[PDB]
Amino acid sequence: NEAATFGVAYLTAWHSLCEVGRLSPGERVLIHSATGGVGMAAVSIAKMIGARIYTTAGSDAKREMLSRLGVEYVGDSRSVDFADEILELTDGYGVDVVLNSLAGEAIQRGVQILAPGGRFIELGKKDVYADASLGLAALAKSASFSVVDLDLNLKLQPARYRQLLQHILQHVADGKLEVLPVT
């Protein structure tokens, strides 16, 4: 129940960032809608890893609540302004991995700010990119586009996720992973 929402949020953030994103220490990770379940899980895990965290949120209170967590950036999730704001903040480097859950122009804008070796991770529903396409030139600089549908993964590899969920809980249990709160 509330036990499933937590598991689903942490399994998605962990699988996306650690296994598919290869997020390593000091890398820059852009997390959209960071205040959401999956979003705070991603921030939490990102802090465990030691990455540079760039976030995004829809209201002042939520954005203000993210800046209190001590992140290097907090943008507007309802806008595309984040792309230029981040390029300006990193002198053009951009980001190494993007945990995306936003629809529209944000997908194109997100890919565009990937630094060489960048990883874009799509968590959005199949309808956010259904009839859409990606120009392979955008990935030329050793970049990648990865869709992650946790609901599907669970069905196909139930056992592999039960152990990953114990693995994560063991981390929290022992204090190697701090579960960050909302407010």
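The numbering used is simple: start at 1 and walk along the sequence shown.
A.B. asks: Would you mind comparing 27-35 and 58-66 for me and telling me which has the higher average C-alpha temperature factor in the entry?
C.D. replies: Higher mean C-alpha B-factor in the PDB entry: 58-66.
A.B. asks: Per the record, averaged over C-alpha atoms, which has the higher B-factor: 112-120 or 126-134?
C.D. replies: Per the PDB entry, the higher value belongs to 126-134.
A.B. asks: Quick check on the deposited entry: does the C-alpha B-factor of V8 sit in the lowest, middle or highest third of its chain?
C.D. replies: Within its chain, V8 is a lowest-third residue by C-alpha B-factor, going by the deposited values.
A.B. asks: Using the B-factor values recorded in the entry, state whether the Cα atom of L139 falls in the lowest, middle or highest third among the modelled residues of its chain.
C.D. replies: Middle third by C-alpha B-factor.
A.B. asks: Determine, from the deposited record, the chain-internal third of the Cα B-factor for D96: lowest, middle or highest.
C.D. replies: Ranked within chain, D96 CA B lands in the lowest tercile.
A.B. asks: Going by the entry, which third of its chain does the Cα temperature factor of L89 land in?
C.D. replies: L89: CA B-factor falls in the middle third of its chain.
A.B. asks: If you rank every modelled residue in this chain by C-alpha B factor, which third holds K47: lowest, middle or highest?
C.D. replies: CA B-factor rank for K47: middle third.
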